[PDB]
2 protein chains.
Amino acid sequence: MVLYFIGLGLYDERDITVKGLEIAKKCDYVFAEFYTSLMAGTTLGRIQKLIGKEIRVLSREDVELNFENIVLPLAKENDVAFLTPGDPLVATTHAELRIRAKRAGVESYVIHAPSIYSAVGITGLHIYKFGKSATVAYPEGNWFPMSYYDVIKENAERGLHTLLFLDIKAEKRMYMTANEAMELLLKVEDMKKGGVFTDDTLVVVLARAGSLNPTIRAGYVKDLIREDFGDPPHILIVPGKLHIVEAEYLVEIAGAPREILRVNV
Amino acid sequence: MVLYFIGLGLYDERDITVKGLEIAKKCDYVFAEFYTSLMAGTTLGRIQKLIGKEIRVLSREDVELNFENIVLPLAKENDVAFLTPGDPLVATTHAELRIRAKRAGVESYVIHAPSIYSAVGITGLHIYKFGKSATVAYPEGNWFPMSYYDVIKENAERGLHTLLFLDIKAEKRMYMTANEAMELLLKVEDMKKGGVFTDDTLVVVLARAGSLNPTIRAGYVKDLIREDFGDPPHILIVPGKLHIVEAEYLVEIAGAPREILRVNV
Ligand SMILES: Nc1ncnc2c1ncn2[C@@H]1O[C@H](CSCC[C@H](N)C(=O)O)[C@@H](O)[C@H]1O
Ligand code: NA
């Protein structure tokens with residue numbers, strides 16, 4: 001008679017917590033969505049095998065418009081789980097789903113999992129130094145979203161790092177690369193001309209966090225703009241003022257130009 | 001020849017990921033540190049039992065001063081694990097440890113786990129709206145730290161939420177409560193008069209994240225300053241202006257007063 005929101009983690013089926021696995025294994029019905037993010041190292045089958053249950057995948061429409069019609073009814077007489085990539089409530093609108101559950105008289109519980117939001121720690125950038133985050137969305141027709149540019153500007157002025165979630169169109173199997181994000185930012189810079197994002201801007205790229213061998217690279221846009229960072233998902237980070245040790249890690253671990261070791265205090 | 005940084009997650013021994021557990025079980029040596037944080041929902045014994053490996057606990061000094069002569073030597077000819085609460089490399093100084101590994105000719109890999117940085121998503125507050133984070137430390141002697149007040153001021157001023165970690169004396173097993181943090185902030189407000197933290201400030205308290213029954217409370221300081229939020233650890237958040245959807249979640253899930261739907265939106 002309950003609903004469990006269970007995160008599956010960053011890259012493969014083993015990124016689920018032990019708590020999440022043991023609970024999922026005992027649920028009567030298991031649903032999931034794979035449109036909010038991409039788990040590049042697993043398949044629905046591998047997940048089903050690990051959990052030992054048939055998994056009904058839902059689309060954004062199924063969830064956003066029919067969650068209370070598809071999932072909640074069953075949670076009133078059974079133990080139901082709703083699986084999602086990463087952490088269920090991070091950079092998704094799934095939190096609001098708990099409100100729907102309450103209104104339907106269904107109790108819900110949240111089982112966390114590793115999230116890209118905290119995985120940024122592997123870049124060596126102090127996580128407390130990150131400021132407001134933003135999403136780089138694909139332009140549509142004549143609509144060209146640019147608010148993420150102002151977020152970088154606001155953070156940079158305060159010496160804070162900017163995390164940039166990248167766009168995803170699961171149904172079209174489109175996953176925005178860090179390269180595409182950099183190209184869009186240069187276009188916005190050309191329009192706004194604020195000196196926020198240029199060829200000399202230092203950026204950090206993290207691809208496939210969660211895998212044992214993620215791609216972690218740091219450098220100037222002019223040099224990374226066309227570099228191959230591997231398969232998606234990717235996130236782009238625009239660091240603010242660096243601490244000496246952040247710079248050292250980027251150089252030693254992310255192959256950044258030794259030049260950044262020298263910081264302008 | 002390999003060092004694995006493995007996160008133990010948020011609250012109990014089941015918060016480690018499947019990947020983290022399986023890798024730990026295959027390691028010849030397993031070290032752990034519990035000074036950055038403590039798994040309040042479990043014990044060293046239970047973690048040891050789950051992993052099926054003797055766990056050698058390391059102090060802050062063992063790690064910060066002697067990581068290269070305590071952990072790395074063994075990593076040269078064996079597979080070694082270094083367990084930490086939360087997600088590895090979140091603690092400010094841990095990233096640098098990977099530099100030490102490289103310098104020692106030891107390959108290192110990171111196995112992620114849930115971190116409070118992403119788990120706070122359970123408060124219903126959008127992750128992208130969080131700004132710079134900080135820690136509330138106890139005053140002592142002629143030292144009354146209050147920079148965390150400025151962090152709140154700069155974040156709120158830009159409509160951003162402030163995540164506040166509370167002081168902890170690991171060895172003495174003493175946790176600062178949300179109540180104490182609030183009292184301290186009111187004192188800082190009294191000395192700075194910035195109109196940043198007062199009795200009418202809306203705050204959110206998250207205690208025992210990771211647990212299946214966490215305490216999520218939201219309301220004005222005047223009402224929560226003396227409320228019992230249960231056993232530690234406690235996390236305090238001073239939200240910025242709320243999105244109506246954030247407000248509704250706090251009211252419906254965190255028991256916030258209806259008043260926030262008009263006053264803090
Ligand atoms: N393993 C991974 N590596 C790199 N970026 C990732 C990632 N997982 C998610 N992202 C980034 O975040 C976006 C999804 S946003 C949803 C995030 C998810 N709830 C979590 O907790 O991680 C992706 O488009 C990508 O830009
Ligand atoms: Na943050």
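Order of the sequence lines fixes the chain letters, A, B, ..., with proteins taken first and strands second; residue numbering starts at 1 for each chain.
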Which bit of B:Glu248 is near chain A, if near means a heavy-atom gap under 4.5 Å: side chain, backbone, both or neither?
both
Salt bridge A:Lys153-A:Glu157, side-chain N to carboxylate O under 4.0 Å:
no
Using non-hydrogen atoms only, which part of B:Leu21 is less than 4.5 Å away from chain A: side chain, backbone, both, or neither?
side chain
Applying a strict 4.5 Å limit to non-hydrogen atoms, the region of B:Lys102 in contact with chain A is side chain
Can you tell which part of B:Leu163 gets under 4.5 Å to a heavy atom of chain A, answering side chain, backbone, both or neither?
neither
Ranked by heavy-atom pairs below 4.5 Å to chain B, first place among A:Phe130, A:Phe5, A:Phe165, A:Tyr4 goes to A:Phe130
Among A:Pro214, A:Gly210, A:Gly20, the residue with the most heavy-atom pairs under 4.5 Å to chain B is A:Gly210
Is it the side chain or the backbone of B:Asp87 that comes within 4.5 Å of chain A heavy atoms, both, or neither?
side chain
Under a 4.5 Å heavy-atom cut-off, does chain A meet the side chain of B:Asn155, its backbone, both or neither?
both
Do A:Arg14 and B:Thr17 meet the criterion of a side-chain donor-acceptor pair at a distance under 3.5 Å?
no
Non-hydrogen atoms of chain B under 4.5 Å away: do they reach the side chain of A:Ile23, the backbone, both or neither?
side chain
Can you check whether B:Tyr128 and A:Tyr148 have ring centres sitting under 6.0 Å from each other?
no
Quick check on A:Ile127 against chain B: is it the side chain, the backbone, both or neither that has a heavy atom closer than 4.5 Å?
both
Less than 4.5 Å to any heavy atom of chain A: does that hold for the side chain of B:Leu212, its backbone, both, or neither?
both
Please look at B:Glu22 and chain A and tell me whether the side chain, the backbone, both or neither of the residue comes under 4.5 angstrom of a heavy atom of that chain.
side chain
Could you verify whether a donor N or O on one side chain and an acceptor N or O on the other, from A:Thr84 and A:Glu33, lie under 3.5 Å apart?
no
Atom group of B:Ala113 that falls short of 4.5 Å from chain A, counting heavy atoms:
backbone
N/O donor-acceptor pair under 3.5 Å between A:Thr215 side chain and A:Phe229 backbone
yes
Best-contacting candidate, B:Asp12, B:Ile111, B:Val245, against chain A by heavy atom pairs under 4.5 angstrom:
B:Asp12
Contact origin within A:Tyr109 toward chain B - heavy atom pairs under 4.5 Å
side chain
Chi angles and distances behind the side-chain contact (heavy atoms from CB on, under 4.5 Å) call for B:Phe82, B:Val63:
CA-CA 10 Å; B:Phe82 178 53; B:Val63 177; 4.0 Å; yes
Measure B:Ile216 against the heavy atoms of chain A and call it side chain, backbone, both or neither at under 4.5 Å.
side chain
In terms of side-chain geometry, is the basic nitrogen of A:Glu154 or A:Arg158 positioned less than 4.0 Å from the acidic oxygen of its partner?
no
Looking at A:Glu68 and A:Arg103, is there a salt bridge between them, counting it only when a charged N and a carboxylate O are closer than 4.0 Å?
no
Kindly say whether A:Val90 contributes a backbone atom to a donor-acceptor pair with the side chain of A:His94 at under 3.5 angstrom?
no
So which of B:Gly124, B:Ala119, B:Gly121 has the biggest tally of heavy-atom pairs under 4.5 Å with chain A?
B:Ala119
Judged by modelled atom types alone, do A:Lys19 and A:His112 share a side-chain donor-acceptor pair under 3.5 Å?
no
Can you confirm whether the side chains of A:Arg98 and B:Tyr249 place a donor and an acceptor under 3.5 Å from each other?
yes
Pick from B:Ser115, B:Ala91, B:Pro114, B:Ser118 with the largest number of heavy-atom pairs that fall under 4.5 Å of chain A:
B:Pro114
